[PDB]
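**Q** what's the 3D shape of this:
(4 chains)
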Amino acid sequence: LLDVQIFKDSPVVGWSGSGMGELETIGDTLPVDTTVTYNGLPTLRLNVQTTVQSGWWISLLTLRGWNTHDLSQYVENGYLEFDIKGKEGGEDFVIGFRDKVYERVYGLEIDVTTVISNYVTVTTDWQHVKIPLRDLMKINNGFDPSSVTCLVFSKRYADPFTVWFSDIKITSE
Amino acid sequence: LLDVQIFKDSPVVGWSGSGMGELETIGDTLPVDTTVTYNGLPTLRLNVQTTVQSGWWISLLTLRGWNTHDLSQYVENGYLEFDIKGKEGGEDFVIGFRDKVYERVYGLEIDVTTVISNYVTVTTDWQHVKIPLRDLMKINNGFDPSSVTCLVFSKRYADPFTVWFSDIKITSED
Amino acid sequence: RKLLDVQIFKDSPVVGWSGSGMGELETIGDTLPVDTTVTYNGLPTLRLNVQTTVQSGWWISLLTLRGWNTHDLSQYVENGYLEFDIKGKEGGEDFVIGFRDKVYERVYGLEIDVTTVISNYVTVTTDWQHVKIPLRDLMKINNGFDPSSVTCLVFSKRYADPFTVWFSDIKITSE
Amino acid sequence: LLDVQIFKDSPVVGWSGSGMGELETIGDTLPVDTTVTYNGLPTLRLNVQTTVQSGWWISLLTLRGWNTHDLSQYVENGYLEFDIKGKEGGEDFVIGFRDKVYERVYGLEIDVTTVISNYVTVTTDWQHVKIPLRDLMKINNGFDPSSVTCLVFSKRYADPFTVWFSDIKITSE
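**A** Numbering: from 1, shown residues only, chains lettered A, B, ... in the order given. Take a look at the structure below.
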């Protein structure tokens, strides 16, 4: 059973943005870094220039251009997984998926998230990582894994950093 | 199972035009550019000179010189696919398919459409792309994919822009 | 006297101006493009092309005589001939042809044009075809033209409709 | 192998123009002088009325009405050559060629130049001059002389002057 590329090599359909413009966007997706490859392949840049006392920013990297995908199959042994290096290490924010169900009243798209921290400490260095779907996609808050629309990156602490990405995908077995 | 080239290297039969003539044509097809290669072959130029308060332009690039093609088999697993460079980045517009059915009343040809944004951010740069058929060819709004007449490019925002294309095909596999 | 030619074009691009509403006219640096790959009698041609259909309802071409300067033609008038050679893409193709002047004194118009429809002087073939335009005919309807103050030759829209066409050796002659 | 006339006897298409209009133009090319002939034919006059404190002006005399010309063959024993008198001697500016290559990143059109002082001092007098293509079309600055678009004259010293030209061609082999 089949992989899904969130990002490979060329910027993602989505939306990515901030209070007073603290997060570095291009056409409101994340900026794609060329000057800093990895694995032949270029990177995704996650950069928050200065200090948000807005206290917000967000990144939505879609899966099927704002369409729902069913992942339900993937869940119970699945992995968001990818690679990350960082600009000066020990850097943190949130991560996850939103979906979309119109039937549901108390929430249209919901998010399920965690803090990267839980899966990694960050080095000045490349480093694979794999989060079991399992954990997230299971907190009876309603989230319908049949119905995911995208991957998400949100603020944790207000402090500026950077990070880079490669080869963000979902896989199972 | 077999490709369909919508365009390769030389101008399409079709139609393409604007309100006040805002869309660049030649003889009512899109102009093909030569001084602007890509991968050996020249490319199709989608350009809209100035700002439409008209609020309209369109291109239809035909599939079978205005005939019906049956695509039904391809739907299920298919991809309009193609490559695309742009003048100045982050441009956008609508794209899709029109068909033709006569027995049908509340519509003669229908359009099915998405806004390419969904499928790409645009760069000063080549960049392949692939649209799931499947995606479009399915909202019970009547479209008959066994009766597609051609592909379509229409206005989204009133904003001037240019773009290019190469190798526009449909492909599947069975 | 015993009298000399004027070479409007021969074989290299003319200073001037030529342009159109939504860019329907084939320009380069707003003169008309000179074609290389369709020669005629050794020398290169001038290309008049209107790629698609004029919604705008204008297009013009100014080929200058003296880089926008007055030239005095007055003497050529009553015996003269704008003349030159013409192939088209697809035949029976038509538009306006003529001359613009420049007179400062004159208040109801600064520059004026005198004009004909080449139809009158030709039907157009997928083929080369000399033709002679009698100065005479134009440079005379009382409309004020100062043929002693011509600045350039002129091509303007007649019909909405798309074509191409070629030129060579556009000159004035008399005797 | 065959001569390239940049100018002979009749105005050229291009462009030439100045900051606050210091540069004598007409229709935004250089004026042809008629009342100052030189061996039958009239001349091209590069005249700069007043003192430039904008600090720019330029002239481009096209070769193929802003088309690419391929010169490549001519370089390695070629000479831009022409003739030239000046209004009151020892006058100096830059001269050379521009190109156009689209694929190229760090410049679209580039220029190669020199200062004509190097191939002459200027007389109230007619005086042929021959400039070695070689010299120019030759500092790995990227110039691609298979795609020359035109000849160029630009400012060197802010000081007004005039000159005249005659029979500007490329010759070689």
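**Q** can you give me the helices in chain A?
**A** Secondary structure of chain A (DSSP state H): helices located at A:133-136.
**Q** can the longest strand seen in it be found next to chain B?
**A** Once chain A is assigned using DSSP state E, the strand that runs over the most residues is strand A:162-171. No: using Cβ under 8 Å from any Cβ of the partner chain, strand A:162-171 never reaches chain B; the gap is at least 15.8 Å. All C-beta spots, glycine's among them, are computed from the backbone N, C-alpha and C.
**Q** Check which helices and strands that strand is in contact with.
**A** Applying 3 or more Cβ pairs under 8 Å, 6 or more residues apart in numbering or on different chains; DSSP states H and E, one finds that strand A:162-171 contacts strand A:4-7, strand A:43-47, strand A:79-83.
**Q** Out of those, which one sits most buried?
**A** Comparing these by mean neighbour count (mean count of other Cβ atoms under 10 Å in any protein chain shown), strand A:43-47 ranks first with a mean of 22.
**Q** how close does residue A:93 sit to residue D:112?
**A** Taking Cβ to Cβ, to the nearest Å as the criterion, residue A:93 is separated from residue D:112 by 51 Å.
**Q** ok, now which ones touch residue A:166?
**A** Residues in contact with residue A:166 (Cβ atoms under 8 Å, 6 or more residues apart in numbering or on different chains) are A:7, A:38, A:39, A:41, A:43, A:44, A:82, A:83, A:84.
**Q** and the first one, what are its bridge partners?
**A** Per DSSP bridges, the residues bridged to residue A:7 are residue A:168.
**Q** surely it meets residue A:168?
**A** Yes: under the criterion of Cβ atoms under 8 Å, residue A:7 lies in contact with residue A:168, with a separation of 4.6 Å.
**Q** For residue A:57, which non-adjacent residue is spatially closest?
**A** Taking Cβ to Cβ, 6 or more residues apart in numbering or on different chains as the measure, residue A:57 lies nearest to residue A:18, with 3.8 Å between them; neighbours along the chain are not counted.
**Q** got the contact list for the residue positioned nearest the centre of chain A?
**A** When Cα atoms, centre = their mean is applied to chain A, the residue found nearest the centroid is residue A:152 (4.0 Å). Residues counted as contacts of residue A:152 (Cβ under 8 Å, 6+ apart) are A:58, A:59, A:60, A:61, A:94, A:95, A:96, A:97, A:98, A:111, A:113.
**Q** Then residue A:90?
**A** Under the criterion of Cβ under 8 Å, 6+ apart, the contact list for residue A:90 reads A:121, A:122.
**Q** need the residues of chain A near chain B, please.
**A** Counting by Cβ under 8 Å from any Cβ, the residues of chain A that sit close to chain B are A:10, A:11, A:12, A:13, A:26, A:27, A:29, A:62, A:64, A:65, A:66, A:67.
**Q** Identify the residues contacting the second one.
**A** Okay, so that is residue A:11. Counting by Cβ under 8 Å, 6+ apart, residue A:11 makes contact with A:26, A:29, A:30, A:31, A:32, A:44, B:121, B:123.
**Q** Turn the contacts of residue A:152 into JSON lines, including neighbour count.
**A** Compiled in JSON lines, the contacts of residue A:152 are given as follows (neighbours: other Cβ atoms under 10 Å in any protein chain shown):
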{"residue": "A:58", "neighbour count": "17"}
{"residue": "A:59", "neighbour count": "26"}
{"residue": "A:60", "neighbour count": "25"}
{"residue": "A:61", "neighbour count": "21"}
{"residue": "A:94", "neighbour count": "17"}
{"residue": "A:95", "neighbour count": "22"}
{"residue": "A:96", "neighbour count": "21"}
{"residue": "A:97", "neighbour count": "25"}
{"residue": "A:98", "neighbour count": "20"}
{"residue": "A:111", "neighbour count": "18"}
{"residue": "A:113", "neighbour count": "17"}
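**Q** Which residue ranges of chain A form strands?
**A** A:4-7, A:14-18, A:32-33, A:43-47, A:57-62, A:79-83, A:94-99, A:111-115, A:128-132, A:148-154, A:162-171.
**Q** how about the longest one: buried residues?
**A** In other words, strand A:162-171. For strand A:162-171, a neighbour-count test (16 or more other Cβ atoms under 10 Å in any protein chain shown) marks A:162, A:163, A:164, A:165, A:166, A:167, A:168, A:170, A:171 as buried.
**Q** leaving aside the residues next to it on the chain, what's closest to the closest residue to chain C within chain A?
**A** Taking Cβ to the nearest Cβ as the measure, the point where chain A comes nearest chain C is residue A:27, at 27.6 Å. In space, and not counting its chain neighbours, residue A:27 is closest to residue B:90: 3.7 Å by Cβ to Cβ, 6+ apart.
**Q** where does the one you found fall, phi/psi-wise?
**A** In terms of degrees, to the nearest 10, the main-chain angles of residue B:90 are phi 60, psi 50.
**Q** How many residues are close by the residue of chain A found nearest chain D?
**A** When distances are taken as Cβ to the nearest Cβ, chain A reaches nearest to chain D at residue A:34, 12.3 Å away. Using other Cβ atoms under 10 Å in any protein chain shown, residue A:34 has 9 other residues around it.
**Q** Residue A:42 is in contact with that one, correct?
**A** Yes: the criterion here is Cβ under 8 Å, and residue A:34 meets it with residue A:42 at 5.1 Å.
**Q** Could you tell me how many residues sit around residue A:29?
**A** Residue crowding around residue A:29 was assessed by other Cβ under 10 Å; the count is 21.
**Q** hey, what's the residue nearest to the centre of chain A bridged with?
**A** According to DSSP bridges, the partner residues bridging residue A:152 are residue A:60, residue A:96.
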